[PDB]
Amino acid sequence: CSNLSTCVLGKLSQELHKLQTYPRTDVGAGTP
Ligand SMILES: *[C@@H]1O[C@H](CO)[C@@H](O[C@@H]2O[C@H](CO)[C@@H](O[C@@H]3O[C@H](CO[C@H]4O[C@H](CO[C@H]5O[C@H](CO)[C@@H](O)[C@H](O)[C@@H]5O)[C@@H](O)[C@H](O[C@H]5O[C@H](CO)[C@@H](O)[C@H](O)[C@@H]5O)[C@@H]4O)[C@@H](O)[C@H](O[C@H]4O[C@H](CO)[C@@H](O)[C@H](O)[C@@H]4O[C@H]4O[C@H](CO)[C@@H](O)[C@H](O)[C@@H]4O)[C@@H]3O)[C@H](O)[C@H]2NC(C)=O)[C@H](O)[C@H]1NC(C)=O
């Protein structure tokens, strides 16, 4: 990711989707 802006918000949004939908079933959280 050249962005680290559009991309980082995308990854944070994806992380939030996963942990909300399911408690814990391989949450992404690739957000250093
Ligand atoms: C996360 O990552 C993603 C990755 O995708 C990022 O998305 C991408 O982001 C970039 C950068 O913003 C985008 O680039 C864009 O590039 C165009 C290039 O020009 C196009 O539009 C022209 C419009 O007309 C202008 O030019 C004519 C001719 O000189 C003038 O008469 C007009 O008045 C305008 O100035 C067009 O002319 C170009 O060519 C076409 O038309 C001509 C003329 O008819 C033909 O000859 C050609 O053949 C052809 O048909 C071309 O289509 C920029 O225009 C975009 O916006 C910049 O320029 C605008 C106009 O000046 C200005 O209003 C904007 O503010 C902006 O200006 C900034 O950037 C300029 C370019 O570097 C600088 O010169 C300027 O100083 C200023 O810094 C835009 O830059 C990508 O499209 C976009 N998507 C993809 C898929 O790549 C995303 O942004 C990232 N997000 C974050 C948060 O990090």
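Numbered per PDB author numbering, the sequence shown spans residues 1 to 32.
Ideal placement from N, C-alpha and C gives every residue a C-beta, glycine not left out.
Cβ-Cβ separation, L12 to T31 (assumed contact under 8 angstroms), whole Å: Indeed they touch by this definition, with Cβ atoms about 5 angstroms apart.
Alpha-carbon spacing of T25 relative to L9, whole angstroms: In a straight line, the C-alpha of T25 is about 21 angstroms away from that of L9.
Residue interval of the alpha helix (DSSP H) (run including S2): Per DSSP, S2 belongs to no alpha helix (DSSP H) and is neither H nor E.
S13 CB to nearest heavy atom of ligand 1 below 8 angstroms: No, the beta carbon of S13 sits no closer than 8 angstroms to any heavy atom of ligand 1.
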